[PDB]
Amino acid sequence: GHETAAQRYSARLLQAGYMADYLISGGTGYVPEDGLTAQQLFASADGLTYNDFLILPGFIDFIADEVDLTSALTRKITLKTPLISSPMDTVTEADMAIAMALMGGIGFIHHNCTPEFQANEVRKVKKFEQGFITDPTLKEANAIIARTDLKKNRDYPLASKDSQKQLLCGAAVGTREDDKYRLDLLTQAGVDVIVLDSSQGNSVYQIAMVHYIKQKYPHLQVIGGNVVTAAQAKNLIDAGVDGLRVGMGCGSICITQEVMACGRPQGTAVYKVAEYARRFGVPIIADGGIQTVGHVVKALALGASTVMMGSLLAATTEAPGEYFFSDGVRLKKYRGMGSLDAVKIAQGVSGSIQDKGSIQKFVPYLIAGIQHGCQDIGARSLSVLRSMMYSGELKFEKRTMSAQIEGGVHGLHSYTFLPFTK
Amino acid sequence: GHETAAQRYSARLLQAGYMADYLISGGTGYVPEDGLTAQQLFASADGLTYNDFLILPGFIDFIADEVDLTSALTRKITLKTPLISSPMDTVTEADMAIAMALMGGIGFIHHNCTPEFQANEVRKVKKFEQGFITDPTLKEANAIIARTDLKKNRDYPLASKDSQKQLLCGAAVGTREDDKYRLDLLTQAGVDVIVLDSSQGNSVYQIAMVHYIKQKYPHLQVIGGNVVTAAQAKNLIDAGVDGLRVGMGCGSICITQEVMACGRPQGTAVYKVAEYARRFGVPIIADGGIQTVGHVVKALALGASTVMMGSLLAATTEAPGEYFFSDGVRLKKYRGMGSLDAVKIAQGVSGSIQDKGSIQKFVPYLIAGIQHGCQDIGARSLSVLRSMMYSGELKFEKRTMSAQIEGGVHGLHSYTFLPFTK
Amino acid sequence: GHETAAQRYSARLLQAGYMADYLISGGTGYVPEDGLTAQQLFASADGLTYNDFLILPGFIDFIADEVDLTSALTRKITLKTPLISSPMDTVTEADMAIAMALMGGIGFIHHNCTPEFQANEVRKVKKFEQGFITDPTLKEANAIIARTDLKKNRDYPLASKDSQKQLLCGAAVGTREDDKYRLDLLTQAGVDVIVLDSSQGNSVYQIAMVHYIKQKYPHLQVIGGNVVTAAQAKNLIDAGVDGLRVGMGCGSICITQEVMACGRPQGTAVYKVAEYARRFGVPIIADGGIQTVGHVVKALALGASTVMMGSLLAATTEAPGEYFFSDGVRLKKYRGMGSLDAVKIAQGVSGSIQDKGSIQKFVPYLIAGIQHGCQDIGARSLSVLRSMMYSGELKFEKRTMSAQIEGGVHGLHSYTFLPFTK
Ligand SMILES: NC(=O)c1ccc[n+]([C@@H]2O[C@H](COP(=O)([O-])OP(=O)(O)OC[C@H]3O[C@@H](n4cnc5c(N)ncnc54)[C@H](O)[C@@H]3O)[C@@H](O)[C@H]2O)c1
Ligand SMILES: NC(=O)c1ccc[n+]([C@@H]2O[C@H](COP(=O)([O-])OP(=O)(O)OC[C@H]3O[C@@H](n4cnc5c(N)ncnc54)[C@H](O)[C@@H]3O)[C@@H](O)[C@H]2O)c1
Ligand SMILES: NC(=O)c1ccc[n+]([C@@H]2O[C@H](COP(=O)([O-])OP(=O)(O)OC[C@H]3O[C@@H](n4cnc5c(N)ncnc54)[C@H](O)[C@@H]3O)[C@@H](O)[C@H]2O)c1
Ligand SMILES: Nc1nc2c(ncn2[C@@H]2O[C@H](COP(=O)(O)OP(=O)(O)OP(=O)(O)O)[C@@H](O)[C@H]2O)c(=O)[nH]1
Ligand SMILES: Nc1nc2c(ncn2[C@@H]2O[C@H](COP(=O)(O)OP(=O)(O)OP(=O)(O)O)[C@@H](O)[C@H]2O)c(=O)[nH]1
Ligand SMILES: Nc1nc2c(ncn2[C@@H]2O[C@H](COP(=O)(O)OP(=O)(O)OP(=O)(O)O)[C@@H](O)[C@H]2O)c(=O)[nH]1
Ligand SMILES: Nc1nc2c(ncn2[C@@H]2O[C@H](COP(=O)(O)OP(=O)(O)OP(=O)(O)O)[C@@H](O)[C@H]2O)c(=O)[nH]1
Ligand SMILES: Nc1nc2c(ncn2[C@@H]2O[C@H](COP(=O)(O)OP(=O)(O)OP(=O)(O)O)[C@@H](O)[C@H]2O)c(=O)[nH]1
Ligand SMILES: Nc1nc2c(ncn2[C@@H]2O[C@H](COP(=O)(O)OP(=O)(O)OP(=O)(O)O)[C@@H](O)[C@H]2O)c(=O)[nH]1
Ligand SMILES: O=c1[nH]cnc2c1ncn2[C@@H]1O[C@H](COP(=O)(O)O)[C@@H](O)[C@H]1O
Ligand SMILES: O=c1[nH]cnc2c1ncn2[C@@H]1O[C@H](COP(=O)(O)O)[C@@H](O)[C@H]1O
Ligand SMILES: O=c1[nH]cnc2c1ncn2[C@@H]1O[C@H](COP(=O)(O)O)[C@@H](O)[C@H]1O
């Protein structure tokens, strides 16, 4: 079980020079109560997003580099990094999925393509790094073996690998009858995990699909389609999903709230669905609305096990399509899967995003920002962070609008922002 | 009464393979409580508009195309679509009224014109589609009969018709003595329903008019002029109106709040007047402030039986007047009936709206968006939607300002929005 | 720090036969929230006594006999039992003080007597069990040594002893100038600890006395005379007391509330003064209003380190004075120190109490009742109990009057109560 700020502070005073105190409170230790708990924070029933609150700083007794980012993707899959690339056709094909797996996250390949194309993109990921090449003890390396996989293994210390030392790959499927043929090809191609990709996952079509998959492929991991209430999470956990995607109407390319009136503010949705799903041991993906490393840290602190990004990974070099320069700045398209670009009504807008270079120079920046966020909180790992949140030890503070203005840049005439140097 | 999400989910699990549970709860089923009810939502006494809240998603066991939109306009008139065109001189004359009646709603012809002109515009609507042409068993189709009316029937399966197979038409009148002569001509022209068109309907002039109409034309339907409180709704329901228009100071061309200090935020007004009016079996029109299909779904979920649009139908081809290209885009004028364009003080601003093409290519888009909004809620019809709201099954969530920013488009460089493809 | 119910339950499931769960919550474990915390309980600002609330049951993974009752009397004195006999002339002289010291608590000898008499009663306690009799390695047991003290050791394994193997004794003094000579005699007699014994301890007279004692006898332990607010506790902790007595106007012989309007309900007083005093490492004595072993457990759970009894120890055989049979039942007198039996106004009533036999057959009953109360809470010690209270793990429930009626004996015709059999 996790150690409280007072316990750590006492052990560190005790390692050094600088009875009734133990007998009185028995190692709980007086700390002045300040801020709110997640429970109090969300009792008000305002609709909070990530911008509406702050996390209060804690006690530091470690450096940032030693923060453990190990996360559950599902009941059975673990990642060394909490980051996931979204199953969108402007975000995740084999190159993005390979890159995310190498940096210790995972990518879900999109399904706005033919079944044979998606299965080939999955096979490209599973082929990229190899133990024994059986279709040309594994300790014999230092069927075929090649030193290039030892170089990959050296160069990428966090890489998400299966038992055969191949990269992990996810894929999307819908809830239509012809998705049964996709899933046959994807399970032949060696896919590790599935997302069912509904905008609203609490449906007979999705529940029938979850029961069909758990019957035909009982070793396959399945993640529930998008939910934002505990009542939706109940029926998918009772259908036997191994994880959930959380978020509806948030996400930068989205218009579903203004078209359909359904959705939820993403902070409350992540907190409420995670606080329900933990009772059954089910991990949460927080999906959409992630603009900054502070949104990743907030999503994780509210109980998300992993964070899924669309826009923040769009216009990296590994994202699908090509750059086009049109506005006098280097731009790549980013479309939304319910745009009419991707009666039928649009659920999303098709747009464009400025260039960010490679995933491999940008994900270690998100990792470093998550570690430094966890260090100022006093969390030695992400499991310790969620543990402190559920126990009340972690404190929160609501923001007014003037407070959010004050949390940005003020009356400078001009400024330059450089986020990271190397 | 309607069936609950747990009842529907249980029947669906029961149609298939996948005792104490029934004996304990009597089939109610456990659903984790999440969100607010309309009652809790409006207990806070903040002034909520449609932008200030969301509807939480439900349980889906049907496709969107089978959502029933049948609505009550008054105690005795039913429409197959909840949409009404507003009685403004830049919105509703015979062409708009014909188009709305044909797509399954109704139009109220404006009164900023002579009594003889308004009666001629009403007669143009009542003539457009005919059964027995008596002024050149009806199943004789397959005293004159024309096949063009059979074609009209074939092409418009939701047309709002009277017993004689003619389109429904509404008209406006004021509460002056000379409005008694208008109403003689309009009832000779065959008008089906009246609106009394006040800014503030709770007046002796209006109550005297409602009593005069119900005395002279006892078969005529009358809709009360604008109200925003239950105390105003009481005196008009007691005078014997068959419906109410709800909204004061909202509506895109309006300035009444800044000029007069009177009004109400339209969400609260629709909820509070509809909650009162249902006790007497009186339908509500939600009038003004409708910018999106999500505003229509929200207005209907709060208890409105029908929704009346000005701006959203302005600059369609059937809207009065001509296009004029002035700002480098095709524009039509949209004036507000208390603008000085239409001491005398302005209640509204005269302005301009961009072209949208025909009502007949734009109303099936609003219908499709209402159906998809009701599908994500779990409502098989609009009646079921309002039933779930009054019974607490439907849940709501308030939005902060950062939450409404998150419900729009985020840090895209640029975006294109196409609302519908066909 | 203490281990939580979820942590203990998980280790006990783990010792036996009957991953994402650890990665999600960091071992905190889901437990459904129920009841109130001490903080919430006292936020209401009602005046709660011990009868107004209950402690909610926890998780058991130990037997009662292994509950540790070790307690702090002051910053430097520890007792193996949390029970103290009150400094009243119908309760504590040498025989009661010897008996309490032998069963593992302590007695404070009363000051309603000459200084020489009080010093002789203190000397009688310090003489009773001896190590080296120097006024006729100590491992020499197996300058005089007697086997009777070895037998005393054998028979009383919880006796409160000093370094010289003598029983601990406390004494009372007032805050008058003539108490300076009294305290010189008590420190010659070998007293271990002092109580300053006031109705209202927050006075210049008591603060001047605390400063005088800490100057002249810097190794002597001093407990501050009675307080019921954090503002009173501040000035005595700042004067340098080593403990506080908490309670004003409670206590069975008391009338101070009806005479003076001052006091506090004893539950709130114990909670609020203990919550303040823990910030400085100062133990609390809960003083008066103890009628049942459940009052002792409640006082200790609210943050009291020890509990002081008057009435519950009155009319034991070791209590001062002689028995009488005036009402057919066997009785002793029990007087209150501000009664006029003990213009001047009474603060207390002089009365009578029924016989209970010896301290040595009645204190092991209070010990067994405290252990069984801590077992149902799931507290392995009193330190762990207070730790669970300050950390929110321990839950409370308020009682209505009908609830208190239901917590007693109901519609029986008659009943017999035997509290303990051996
Ligand atoms: N998370 C969001 O906020 C959000 C919102 C809108 C769209 N999207 C994305 O856009 C894409 C499309 O989402 P979607 O929800 O429109 O796809 P969808 O296929 O789940 O839903 C489209 C329609 O088809 C229906 N449907 C689904 N399976 C069916 C079946 N077997 N039989 C009959 N009807 C069936 C649905 O109920 C719905 O009316 C996905 O990539 C999704 O992630 C996401
Ligand atoms: N819903 C709104 O928020 C809103 C606000 C302002 C105007 N409007 C619209 O503008 C138009 C004008 O509305 P209006 O209310 O100003 O017109 P109105 O003629 O009803 O009211 C104008 C004034 O005349 C008075 N009046 C009405 N009947 C009278 C009678 N018989 N004898 C004496 N005085 C009488 C009214 O009390 C008011 O002082 C309408 O189309 C209306 O729908 C709407
Ligand atoms: N805890 C209670 O609820 C409570 C209430 C009343 C009495 N008592 C008990 O009864 C006994 C008497 O208590 P008490 O408070 O009346 O005794 P006390 O001597 O402390 O107070 C009596 C009066 O003398 C004053 N006084 C004290 N020291 C003084 C000094 N040096 N110079 C001048 N004035 C001084 C006090 O302020 C008060 O007015 C004690 O045993 C006490 O514990 C307890
Ligand atoms: N040789 C080989 N490599 C494979 C195959 N499938 C996957 N790989 C991967 O290909 C990667 C590249 O290895 P290299 O050492 O660069 O192979 P190479 O030098 O290009 O081999 P040549 O094609 O013979 O020139 C390794 O990480 C292998 O795991 C396969 O069928 N054959
Ligand atoms: N042939 C081959 N050997 C590998 C590969 N990955 C790891 N190994 C070897 O198998 C052993 C695995 O230990 P690690 O490399 O520490 O852990 P890992 O999880 O397998 O891989 P990394 O996450 O890349 O460190 C080492 O001897 C590796 O060199 C791979 O892709 N191909
Ligand atoms: N013929 C006729 N049609 C009417 C009259 N009043 C309304 N209508 C409508 O006119 C519509 C058009 O019918 P068409 O078949 O196009 O009539 P048409 O071919 O223009 O008739 P002609 O004028 O003889 O050329 C039908 O939907 C009728 O309901 C009327 O007095 N006479
Ligand atoms: N001459 C004529 N016959 C009609 C008209 N509308 C309906 N009918 C006929 O009268 C019957 C009505 O059929 P329906 O279409 O099912 O009922 P409806 O609601 O009036 O019309 P729809 O909206 O088209 O469904 C049918 O026998 C039609 O042929 C009309 O406008 N003109
Ligand atoms: N011998 C002795 N024992 C003392 C003295 N003060 C206290 N005691 C206690 O008295 C007890 C000794 O009891 P006994 O051995 O029976 O001595 P006694 O009570 O004097 O009985 P007799 O010797 O028979 O008169 C021990 O517990 C001592 O601690 C003292 O001055 N002398
Ligand atoms: N002569 C004498 N020896 C004692 C006395 N009390 C303890 N001792 C001795 O000193 C040691 C105390 O051991 P313990 O009995 O375990 O601990 P304690 O706190 O002193 O006393 P207990 O409560 O009996 O445990 C032992 O070696 C005893 O023999 C006493 O009262 N008189
Ligand atoms: O058309 C759409 N409408 C609504 N949400 C979408 C659509 N397409 C994708 N999404 C969601 O948007 C998320 C990306 O959000 P972003 O990272 O903030 O840009 C994805 O992971 C999907 O869950
Ligand atoms: O001059 C005016 N001032 C205030 N409200 C008006 C005026 N003229 C019309 N309205 C209202 O505005 C509604 C249209 O609102 P809109 O659809 O949001 O533009 C109409 O249906 C009337 O109820
Ligand atoms: O005369 C008095 N008036 C008020 N309180 C008293 C008086 N004498 C003693 N006390 C307090 O009463 C406590 C005993 O309470 P009891 O055990 O409930 O009877 C003592 O420990 C004192 O703190």
Side-chain angles (χ1 to χ4, degrees), chain A residues 45-52 199-200 202-207 211 227-235 239 248-255 257-266 268 272 276 289 291 311 327 329 331 334 339-341 343-346 349-354 401 404, chain B residues 5 9 12-13 18 30-36 40 50 53-62 292-298 301 364-365 367-369 372-373 375-378 395 397-422:
Chain A
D46 315 328
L48 302 186
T49 50
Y50 304 132
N51 297 119
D52 288 272
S199 61
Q200 201 291 155
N202 196 33
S203 72
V204 297
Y205 313 115
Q206 174 138 357
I207 288 155
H211 285 113
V227 298
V228 290
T229 74
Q232 295 176 298
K234 177 170 165 57
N235 298 150
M248 184 191 203
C250 68
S252 65
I253 38 59
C254 179
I255 59 171
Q257 299 194 356
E258 309 309 322
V259 177
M260 307 269 282
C262 273
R264 200 173 193 172
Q266 181 65 327
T268 308
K272 292 293 174 80
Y276 185 82
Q291 298 176 259
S311 173
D327 199 28
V329 275
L331 252 60
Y334 180 53
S339 70
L340 298 166
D341 177 34
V343 175
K344 298 296 182 179
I345 74 187
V349 292
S350 182
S352 193
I353 297 289
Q354 189 179 142
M401 273 315 333
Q404 313 185 218
Chain B
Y9 172 67
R12 304 319 280 249
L13 288 185
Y18 54 80
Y30 172 62
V31 306
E33 297 288 7
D34 203 355
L36 306 156
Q40 304 163 10
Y50 304 133
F53 67 95
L54 287 160
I55 303 163
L56 296 183
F59 174 65
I60 307 185
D61 73 324
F62 56 94
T292 66
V293 209
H295 290 197
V296 182
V297 173
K298 284 173 184 172
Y365 161 69
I367 289 170
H372 284 86
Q375 197 219 9
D376 278 3
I377 291 166
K395 299 299 206 296
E397 176 70 86
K398 238 171 295 183
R399 297 167 101 192
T400 57
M401 273 315 333
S402 321
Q404 314 162 215
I405 304 310
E406 176 179 282
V409 178
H410 315 169
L412 315 188
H413 190 86
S414 300
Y415 75 93
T416 298
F417 173 41
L418 180 71
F420 61 98
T421 181
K422 286 182 292 184

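Keep in mind that the numbers below use all heavy atoms, side chains included, and drop hydrogens, waters and symmetry copies. Letters go in sequence order (proteins before strands), and every chain restarts at 1.
- Between A:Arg264 and B:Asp34 a salt bridge is recorded (basic side-chain N to carboxylate O distance below 4.0 Å).
- Interface residue A:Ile345: backbone and side-chain heavy atoms are both found under 4.5 Å from chain B.
- Comparing A:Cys254, A:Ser203, A:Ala261, A:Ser199 by heavy-atom pairs within less than 4.5 Å of chain B, the highest count is held by A:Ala261.
- Contact annotation for B:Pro419: only backbone heavy atoms (N, CA, C, O) come within less than 4.5 Å of a heavy atom of chain A.
- In terms of heavy-atom pairs under 4.5 Å with chain A, the best-connected choice from B:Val293, B:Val31, B:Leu13, B:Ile55 is B:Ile55.
- Here the closest non-hydrogen pair linking B:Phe59 and A:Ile207 is CE1-CD1, 4.0 Å.
- Annotation: the span from B:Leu418 atom CG to A:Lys344 atom NZ amounts to 14.5 Å, rounded to 0.5 Å.
- Only the side chain of B:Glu397 comes within contact range of chain A, with heavy atoms under 4.5 Å apart.
- Interatomic distance, CD1 of A:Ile253 versus NE2 of B:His410, reported as 8.5 Å (0.5 Å rounding).
- Contact count against chain A (heavy-atom pairs under 4.5 Å) is highest for B:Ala403 among B:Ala368, B:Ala403, B:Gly35.
- Residue A:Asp327 touches chain B through its side chain alone, counting heavy-atom pairs closer than 4.5 Å.
- Side-chain contact annotation: B:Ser402 with A:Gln404, donor-acceptor N/O pair under 3.5 Å present.
- With respect to chain B, the highest number of heavy-atom pairs below 4.5 Å among A:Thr268, A:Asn202, A:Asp46 belongs to A:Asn202.
- Among the candidates A:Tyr276, A:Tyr334, A:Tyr50, the residue making the largest number of heavy-atom pairs closer than 4.5 Å to chain B is A:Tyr276.
- Rounding to the nearest 0.5 Å places OH of B:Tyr415 at 15.0 Å from CG of A:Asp341.
- At least one side-chain heavy atom of B:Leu54 sits less than 4.5 Å from a side-chain heavy atom of A:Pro265.
- Contact of B:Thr416 with chain A is made through backbone and side chain together, with heavy-atom distances under 4.5 Å.
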Checklist entry - Are B:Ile60 and A:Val204 close enough, and set up right, to give a side chain to side chain contact (heavy atoms under 4.5 Å, CB included), and what steps lead you there? => result CA-CA 6 Å; B:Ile60 307 185; A:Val204 297; over 6 Å; no

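- When heavy atoms are compared at a cutoff of 4.5 Å, B:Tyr9 approaches chain A solely by way of its side chain, counted from C-beta outward.
- By the 4.5 Å heavy-atom criterion applied to side chains, A:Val259 and B:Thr292 are not counted as neighbours.
- At a 4.5 Å heavy-atom cutoff, the contact between A:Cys250 and chain B is made by backbone and side-chain atoms alike.
- Put simply, of B:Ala301, B:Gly407, B:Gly378, the one with the most heavy-atom pairs under 4.5 Å next to chain A is B:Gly407.
- With values rounded to the nearest 0.5 angstrom, A:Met260 atom CE is found 3.5 Å from B:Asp376 atom CG.
- With a threshold of 4.5 angstrom between heavy atoms, B:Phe417 approaches chain A through its backbone and through its side chain.
- Your options are A:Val228, A:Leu331, A:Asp52, A:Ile353, and the one with the most heavy-atom pairs under 4.5 Å with chain B is A:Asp52.
- Top candidate by heavy-atom pairs under 4.5 Å with chain A, chosen from B:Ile405, B:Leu56, B:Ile377, is B:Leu56.
- No donor-acceptor distance shorter than 3.5 angstrom exists from the side chain of B:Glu406 to the backbone of A:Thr49, with no hydrogens or angles considered.
- Between the side chain of B:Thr400 and the backbone N or O of A:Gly47, at least one donor-acceptor pair lies under 3.5 Å.
- Residue with the most contacts toward chain A among B:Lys422, B:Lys298, B:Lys395, B:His295: B:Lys298 (heavy-atom pairs, distance under 4.5 Å).
- Using a 4.5 Å cut-off between heavy atoms, A:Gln291 contacts chain B through its side chain alone, with no backbone atom that close.
- Heavy atoms only, all atoms of each residue included: A:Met248 and B:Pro57 are closest at SD-CG, 3.7 Å.
- Contact tally against chain A (heavy-atom pairs below 4.5 Å) for B:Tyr365, B:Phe53, B:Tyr18, B:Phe420: the top residue is B:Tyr18.
- With a 4.5 Å cut-off on non-hydrogen atoms, B:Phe62 touches chain A through its backbone but not through its side chain.
- Heavy atoms of A:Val329 lying under 4.5 Å from chain B belong exclusively to its side chain.
- Both the backbone and the side chain of B:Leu412 have a heavy atom closer than 4.5 Å to some heavy atom of chain A.
- B:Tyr30 and A:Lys234 make their closest contact through O-CE, 3.2 Å (heavy atoms, listed as atom of the first residue, atom of the second, distance).
- Taking CE from B:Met401 and CG from A:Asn51, the interatomic distance works out to 11.5 Å, rounded to the nearest 0.5 Å.
- Between B:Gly58 and A:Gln200, the shortest heavy-atom contact is O-OE1, 3.1 Å.
- With a 4.5 angstrom heavy-atom cutoff, A:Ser339 does not touch chain B via any of its atoms.
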